[PDB]
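Following: one structure in structure tokens, then a few remarks.
Just so it is clear, none of the values below were taken in a lab; they were calculated from the coordinates. Heads up, the Cβs are rebuilt from the backbone with ideal geometry, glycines too, and the neighbour counts pull from every protein chain shown.
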Amino acid sequence: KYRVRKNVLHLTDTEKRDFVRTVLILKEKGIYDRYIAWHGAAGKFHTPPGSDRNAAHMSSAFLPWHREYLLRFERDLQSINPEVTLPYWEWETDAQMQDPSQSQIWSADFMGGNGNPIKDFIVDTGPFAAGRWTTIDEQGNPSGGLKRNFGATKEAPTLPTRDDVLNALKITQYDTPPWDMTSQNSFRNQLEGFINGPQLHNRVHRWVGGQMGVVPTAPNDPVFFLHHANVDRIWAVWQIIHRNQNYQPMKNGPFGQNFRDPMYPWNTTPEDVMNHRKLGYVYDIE
Amino acid sequence: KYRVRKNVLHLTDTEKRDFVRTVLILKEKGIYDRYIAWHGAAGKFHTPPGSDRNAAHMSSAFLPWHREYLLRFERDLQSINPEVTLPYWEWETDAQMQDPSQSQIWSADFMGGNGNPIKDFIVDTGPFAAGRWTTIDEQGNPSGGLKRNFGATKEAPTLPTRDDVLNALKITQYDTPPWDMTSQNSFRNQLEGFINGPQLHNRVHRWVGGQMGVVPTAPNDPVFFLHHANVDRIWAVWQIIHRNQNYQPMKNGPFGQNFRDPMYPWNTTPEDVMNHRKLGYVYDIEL
Ligand SMILES: OCCc1ccc(O)cc1
Ligand SMILES: OCCc1ccc(O)cc1
Ligand SMILES: [Cu+2]
Ligand SMILES: [Cu+2]
Ligand SMILES: [Cu+2]
Ligand SMILES: [Cu+2]
């Protein structure tokens, strides 16, 4: 109820400087890479083997996993500077723009810009520019630069809209059998983006392009966290009507996707993280 | 102090029963696969990125990583069954045998036997034979079948000997720079087995064959844990012999190899595990 997580657009210049700076410190120490690795790792962890589900995606644990991810990340930032929290990127209002790429989130003082065509869409503005920020590939090897290409795909030329959000927010069930990319009338599946894909979360990933467009590489872009903070906030909002909806499945689901199963690669359960307040942070507006 | 890890050969039959049982239960519950994945993951987390060194092998943290690994793994065994402990495969004794394949670790009632060349080295005997034990690959996908092929390589025709263990224990340094498979007079590197390799730990892996012989799949073979229990034990004897030495690097190593660096994929540090008795077990030879 203490750490206040803010809209990237309500941050002061000081808050921006200090968040970027903390992020770079984590990078330099070597801790930022644990997160790329963790996310890649859970990606190839099938629940169960022979299945389309993995620990972080395409199943119920998708949300509590990323919540857990983000908590650990914020707490690492904290160890550096106890003032800094995680901002969220409200992409749905950026959807209202003529050119969403002109959002202040992509200023050189913050995330930096879209990839440069002349340079194969490598990001060359901001602090996370090539030369300033090392990327890691799927094998855990240096890849040579952050890439971005806003709206380059045919499936994801635009961002989710406010109306897409209100629409997921109407779903009353958290998730439904079989607990996968096929689940219908599922808030989890709808938020994730598979119902008439790609929507919301998935659409945003696809819209950014670069590493962000590929599962094993997405957390090479620090805006991965900004995006997953908006996702986590929307889940918070859904849970603002009461309560956690027994987070299906409670039981009898695949191991690692039940209320009290450990979420690889950690020992943390979904229940462990169902209430964000208990975790120690709150969203602005709350 | 209280949990006693024992030589496999001194285990009663019912001790071998319950251990095998417990492992099959972890496997059925879906917890066993977490251990295979955890090891594959750490195997691909390089320190620093672009290096040989990874969270689990080829650097200083090799020993305490595999120590944290087995601890978490024992604690889970004890969740299912409190009297079950992680036993050790004293492979340097089997080395003194005319035929190490006659070792009782390989009997149908414990680990099961060698791979089947007609079956392409699939293991057809014991609790972990094909049709009774599913395997996953590098990618988390089913591979259908534990494989083994004892002593079949040119580089690892035999198991490491008693004298091999004795000569490493004589090493005075835990580790030395540059903290990689290029470290000399390093107890860590000798034990891991890169000096004139494969020797000691590496040699064993390669001797067994199959999944055990490849890094990102080895824990598919339950023997992985008996083998790493011996390694841990070897390391703990060294700790007991060299009371004025400690783990290195204390600082100056790459992130993840230093004494108080977190070991991917966990937060545990080498420090948290330097004392094995403080973790709650000892090896039978200490009593
Ligand atoms: O287009 C986005 C691809 C992608 C989606 C989800 C992830 O976690 C990572 C990458
Ligand atoms: O000789 C190979 C040594 C080795 C050690 C650990 C593994 O996990 C795999 C192989
Ligand atoms: Cu993801
Ligand atoms: Cu994502
Ligand atoms: Cu290993
Ligand atoms: Cu090993």
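Observations
- Rounded to whole numbers, the Karplus 3J(HN,Hα) couplings from phi for the range A:127-138 are x, 8, 6, 3, x, 9, 8, 7, 9, 10, 8, 5 Hz, using 6.51 cos²θ - 1.76 cosθ + 1.60 with θ = phi - 60°, and x at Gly and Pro.
- Using a Gaussian network model of chain B in which every pair of alpha carbons under 10 angstrom is joined by a spring, one finds that among B:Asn267, B:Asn196, B:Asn167 the greatest mean-square fluctuation is at B:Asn196.
- If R0 equals 25 Å, the separation of the Cβ atoms of A:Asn141 and B:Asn267 corresponds to a calculated FRET efficiency of about 0.55.
- Residues whose placed amide H lies under 5 Å from that of B:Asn246, excluding near-sequence neighbours: B:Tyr174
- Hydrophobic, long helices, defined as DSSP H runs whose alpha-carbon span along the helix axis is 15 Å or greater and whose mean Kyte-Doolittle value is at least -0.5, occur in chain A at A:32-43, A:223-238.
- Computed FRET value (nearest 0.05) for B:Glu83 with A:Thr93, which takes r as the C-beta separation and R₀ as 45 Å: 0.15
- The alpha-carbon atoms of the range A:240-286 define a convex hull whose volume equals 82 cubic angstrom per residue.
- Subset of A:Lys27/B:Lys278; A:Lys170/B:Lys27; B:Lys44/B:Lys251; A:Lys44/B:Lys278; A:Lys29/B:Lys154; A:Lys278/B:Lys29 violating a 31 Å alpha-carbon distance limit: A:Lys27/B:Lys278; A:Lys170/B:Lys27; A:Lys44/B:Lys278; A:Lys29/B:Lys154
- Rounded to the nearest 500, the 222 nm mean residue ellipticity of the protein assembly as shown from helices alone is -10000 deg cm²/dmol, with -39,500 (n - 2.57) taken per DSSP H run of at least 4 residues.
- Straight-distance crosslink candidates among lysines, where the alpha carbon sits under 16 Å from A:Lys16 and sequence neighbours closer than 8 are dropped: A:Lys6
- Ranking of B:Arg203, B:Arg21, A:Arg3, A:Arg67 by count of other Cβ atoms within 10 Å, fewest first: B:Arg21, A:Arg3, B:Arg203, A:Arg67
- The protein assembly as shown: Rg to Rh, with Rh as the Kirkwood radius over Cα pairs: 1.00
- For the range A:143-160, Karplus couplings with θ = phi - 60° (6.51, -1.76, 1.60), whole Hz, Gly/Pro x: 10, x, x, 5, 10, 8, 8, 3, x, 7, 6, 6, 6, 10, x, 10, 7, x
- With Cα atoms as the point set, chain A shows a radius of gyration and Dmax of 17.8, 52 Å.
- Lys/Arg +1, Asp/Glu -1 at C-beta; the protein assembly as shown dipole; positive extreme among B:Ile105, A:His46, A:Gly113: B:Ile105
- Per residue, the Cα convex hull of the range A:64-203 amounts to 162 Å³.
- Put the Cα centre of the range A:44-97 next to the Cα centre of the range B:243-287 and the gap is 30 Å.
- Residue among A:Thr172, A:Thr47, A:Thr85 with the largest mean-square fluctuation in a Gaussian network model of chain A, springs linking Cα atoms under 10 Å: A:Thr172
- Neighbourhood net charge (12 Å Cβ-Cβ; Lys/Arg +1, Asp/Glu -1) for A:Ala95: -4
- Highest-fluctuation residue, A:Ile195, A:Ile80, A:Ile118 considered, GNM on chain A with Cα pairs under 10 Å: A:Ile118
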